[PDB]
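Going by UniProt numbering, the letters in the sequence shown line up with residues 506 to 785, 841 to 872, 883 to 938, in that order.
For each residue, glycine too, the CB sits at the ideal point set by N, CA and C.
I have placed the structure first, in the form of structure tokens, so that the comments after it can refer back to it.
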Amino acid sequence: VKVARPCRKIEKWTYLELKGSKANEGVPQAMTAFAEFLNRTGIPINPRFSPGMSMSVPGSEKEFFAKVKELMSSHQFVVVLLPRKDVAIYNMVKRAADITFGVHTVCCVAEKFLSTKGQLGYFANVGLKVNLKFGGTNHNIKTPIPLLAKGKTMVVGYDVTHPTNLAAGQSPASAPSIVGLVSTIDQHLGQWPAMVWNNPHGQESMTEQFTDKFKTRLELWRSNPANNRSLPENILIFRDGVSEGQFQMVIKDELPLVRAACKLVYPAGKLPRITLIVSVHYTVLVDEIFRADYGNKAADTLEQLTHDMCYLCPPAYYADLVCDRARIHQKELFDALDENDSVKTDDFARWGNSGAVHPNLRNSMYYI
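Okay, structure coming up:
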């Protein structure tokens, strides 16, 4: 089963074998079969890999980085075989590849990759990921809701973490938080570029950054050849992570920042229609799109729309994945929170900068 839209050519790739208790055999043959399968599904990966590297996992993260630096810096892609399902090592590999060196990776447990029985299905899944990471689309929806069809609607999802420890009367709103955001860039809905960021003073920082951040999403959509310099006319927005209470906060302290970004980018009086929905069922907080166009059938048109979306819920799920990966990226912060439970706001900010995805991967689905 092929892919709807093939990713970019993958010319230079290799493998990194992290040794476990039992030694692996047949790895390069497996890498070859892997690449063959990807090609068969229409992913243009070079059948030929540059010779891979095998090593055991070093004691420190700096040693690891030092060992993988040249391999990771010189390839577009690395398939990493872990010796066992070990999230310390997974997390280290992702910090190395996503952050420090900036190269796409897939992490596969060696036993699963090398196991002949069931191998093709696993290769199918990894291949789906590879196709997305490199810009392609996997599935086509047979019947898109009129509203998505026209190619005039941008979909956005974000979630906000708040992983501080609140104590001693510390204000909740001022509490440090992390935002994860994804959005679509075309009518096809395959690609969902992400943004992450830190709010060291919470809502004060959200207020300072959100307008400009959303502004980048609008700019990303408009500069896509597919859309022909069109700003989306509609914007559907999913917010995760909020209790029924915080609904007011989202409406009052977040949605206006999006409105401001639109006011900054859009022709005067031509601002797009916006619908805000929160996931955590789904609850529509604001709708300018569905009632307008579909009257009584609005609700069902949106439930059909979000059903069409599940075809690949994605905006909210992807945003969560983005947050989780951010949590993996910012090791200094979480290590500190395991110990002291308290961290300086300046530490929050600079650890946000240090744990930012490498620019090589900036608009990519690295989190997938």
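As summarised for the segment 630-674, the continuous beta strand (DSSP E) elements at least 3 residues long and confined to that stretch are 658-665, given in chain order. Of the residues assessed, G707 falls on the buried side of the cut-off, its CB having 16 or more other CB atoms within 10 angstroms.
Remark: C-beta atoms of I742 and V687 do not approach each other more closely than 8 Å. Around the beta-carbon of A889, 16 or more other beta-carbon atoms lie within 10 Å, marking it buried. Our two residues, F542 and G525, have alpha carbons roughly 26 Å apart in a direct line. Beta-carbon to beta-carbon, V508 and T537 are separated by about 20 Å, too far to satisfy the 8 Å threshold.
In this structure, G685 sits near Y663, with a CB-CB distance shorter than 8 Å.
Under the Cβ criterion (8 Å, minimum of three pairs), the segment 550-569 does not count as touching the segment 643-654. Short of 8 Å from the beta carbon of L769, and not among the five residues preceding or following it, lie these beta carbons of its own chain, in chain order: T716 and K720.
Rounded to the nearest angstrom, the gap between the Cα atoms of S579 and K517 is 8 Å. Look at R600 here: in three-state DSSP terms it is helix.
For the pair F752 and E713, the Cα-to-Cα distance works out to about 20 Å. Non-local beta-carbon contacts of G531 in its own chain, meaning distances under 8 Å to residues more than five positions away in sequence, involve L619 in chain order. One thing to note: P677 has its Cβ no nearer than 8 Å to the Cβ of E738. Between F850 and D905, the alpha-carbon positions lie close to 45 Å from each other. Of the residues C613, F639, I782 and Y842, the one whose Cα lies closest to the Cα of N930 is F639. Going by C-alpha positions, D603 is about 44 Å away from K857. Going by C-alpha positions, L576 is about 21 Å away from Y937. Annotated three-state conformation of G707 is coil, per DSSP. Here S561 is exposed, its C-beta having fewer than 16 other C-beta atoms within 10 Å. Just measuring C-alpha positions, the residue of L760, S748, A699 and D691 sitting nearest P730 is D691.
Per the Cβ contact rule, the segment 744-762 is not in contact with the segment 693-704 (fewer than 3 Cβ pairs under 8 Å).
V584 and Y854 have their alpha carbons spaced roughly 47 Å apart.
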